[PDB]
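Let's start with one chain on its own, the form deposited in one PDB entry, as structure tokens.
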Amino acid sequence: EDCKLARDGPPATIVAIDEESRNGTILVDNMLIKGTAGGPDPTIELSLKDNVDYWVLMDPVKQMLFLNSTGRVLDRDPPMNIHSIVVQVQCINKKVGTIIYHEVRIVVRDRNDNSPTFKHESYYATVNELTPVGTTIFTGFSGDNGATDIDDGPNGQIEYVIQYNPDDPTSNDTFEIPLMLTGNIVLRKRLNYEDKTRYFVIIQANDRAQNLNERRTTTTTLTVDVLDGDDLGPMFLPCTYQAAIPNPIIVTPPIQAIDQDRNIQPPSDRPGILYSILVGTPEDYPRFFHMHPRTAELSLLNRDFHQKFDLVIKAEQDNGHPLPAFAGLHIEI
């Protein structure tokens, strides 16, 4: 009869304990095994079996199991991955000679003992100033190239969240993370490179433990650089061109324009200027004037018929963004 379970219920003893419990922690009150080990005339014999690196010790009389973790650590996490522990409690019957193995399964439960950690020390993005609000401009926290958390379940999920930068109070306002779980940054305000070209964006990763009081965090700075877009065309220099006649025709000062965006990258994209005449009076002006369209050099083609010509000059960009600039030119005879 003895050496079989005294309790009702199923024939494994299943129990659970928080990971990171310390030496001596009870694991089973009372196995509750019909019979009595020890005393003067013991009726059963108990011992442990498949107890590797003796994580369990036993008190055969009270039939009670303790953890045995001195010096070592009961870590459910990488790199230990101790999720359960199974051991067997071989009982021998001293009369009848019966030998049973009582299984004891011990379920270690993750705790939120680990914080998020970012793979990189800092992160970094760029964004052309023409980007519309709504645009995702950064996705570097995917690929597990962002924060990680060694813990399991929600103890191991990240929500990313922008934080106020006291050394850049504008950063806060100019970007967001609509989806906390992705941690994609999204442009929230329009930009003028001309005004401000860099943003320091603190992002705070945080795990998602149920008890909000058990929730670890990290932060990182994301440096974001604004890129000069082509939103402006040329401008003449020096910042009404004058000519005279009774060749090529000398023009004071000399017609020169330049793109107004002053830091296009790469230079490969820096466009060129095309000069034309646009309108003029007397209206027969085309009879007498061409202008070379990449250098603005006066082709000439009658004092008492025409005292003077007054023209107006276009310069525009040569990349299907004319964004054109204008300047007069007077010409006496």
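C-alpha atoms forming the largest set that superposes within 1.5 Å between two forms make up the rigid core. Numbers for residues come from their place in the sequence shown, where the first is 1.
#### Entry: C239 to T240: deposited residues without atomic coordinates
Gap size class: 10 or more residues without coordinates, per the record.
### Task
Classify the number of deposited-sequence residues missing from the model between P246 and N247: none, 1 to 3, 4 to 9, or 10 or more.
4 to 9 residues are missing.
### Average Cα temperature factor in the PDB entry - higher stretch of 247-255, 78-86
Averaged over C-alpha atoms, the B-factors run higher in 247-255.
### Task
Averaging the C-alpha B factors as listed in the entry, name the stretch that ends up higher: 58-66 or 285-293.
Looking at the record's C-alpha B-factors, the answer is 285-293.
### Message
By the CA temperature factor listed in this entry, which of these ranks top: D207, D144, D113, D173?
### Response
The listed residue with the largest C-alpha B-factor is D144.
#### Entry: Residue with highest C-alpha B-factor in the PDB entry, from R188, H102, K95, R198
Highest C-alpha B-factor among the listed residues goes to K95.
### Query
C-alpha B factor of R72, ranked within the chain: lowest, middle or highest third?
Its C-alpha B-factor, which the entry lists for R72, ranks in the middle third among residues of this chain.
### Task
Taking the chain's C-alpha temperature factors as the reference, tell me which third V312 falls into: lowest, middle or highest.
Answer is highest: the recorded C-alpha B-factor places it there.
### Task
For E121, return the chain-relative third of its C-alpha B-factor as stated in the PDB record: lowest, middle or highest.
Its C-alpha B-factor belongs to the highest third of this chain's values.
### Query
In terms of the CA temperature factor given in the entry, to which third of its chain does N23 belong: lowest, middle or highest?
For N23, the deposited C-alpha B-factor lands in the middle third.
### Query
Which third, lowest, middle or highest, does the CA B-factor of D167 fall in along this chain?
According to the entry, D167 has a C-alpha B-factor in the chain's highest third.
There is another form of this protein, the form deposited in another entry, and it is not shown here; the text below is about that form.
### Task
Using the rigid core as the fixed frame, list which single one of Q88, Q204, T174, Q256 shifts its Cα by at least 2 angstroms between the shown form and the other one.
Single hit from the list, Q256.
### Threshold 2 Å Cα movement between the shown form and the other one for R294, core superposed
Shift at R294: 2 Å or more after core fit.
### Query
Quick one: once the rigid core is lined up, does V28 have its C-alpha move by 2 Å or more between the shown form and the other one?
For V28, whose C-alpha is compared between the shown form and the other one after core superposition, the shift is less than 2 Å.
### Query
After the core is overlaid between the shown form and the other one, has the C-alpha of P234 moved by 2 angstroms or more?
After core superposition, the C-alpha of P234 moves 2 Å or more between the shown form and the other one.
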